[PDB]
Each structure stands twice: as C-alpha cells, then as structure tokens.
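Asks:
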C-alpha cells in the first residue's frame, strides 16, 4: 500500500512514500 507511479528522468517508475521506496517493477 502507498506504492504509485511517476516520472524519474523520463520513464514511468514505481514510487512509494508510505515506506519511502522506489523501483521500476515489483519483487
């Protein structure tokens, strides 16, 4: 929960503020 999706340097990557996480794909 909390994970989202935004733009880092041009590509849409997964975001997360609830746990302060980031990525481009799930586990």
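Numbering (my numbering), first residue to last: 14 to 40. We put the CB at the ideal spot given by N, CA and C, even for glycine.
1. For the beta strand (DSSP E) containing residue 35, name the first residue and the last one.
2. In angstroms, rounded to a whole number, what distance separates the CA positions of residue 30 and residue 20?
3. If we ignore side chains and look at the alpha-carbon of each, how far apart do residue 35 and residue 23 end up?
4. Could you name the residues that DSSP lists as bridge partners for residue 22?
Replies: Well, looking at it:
1. 34–36
2. 14 Å
3. 15 Å
4. Looking at the DSSP assignment, residue 22 forms no beta bridge with any residue, so it has no partner.
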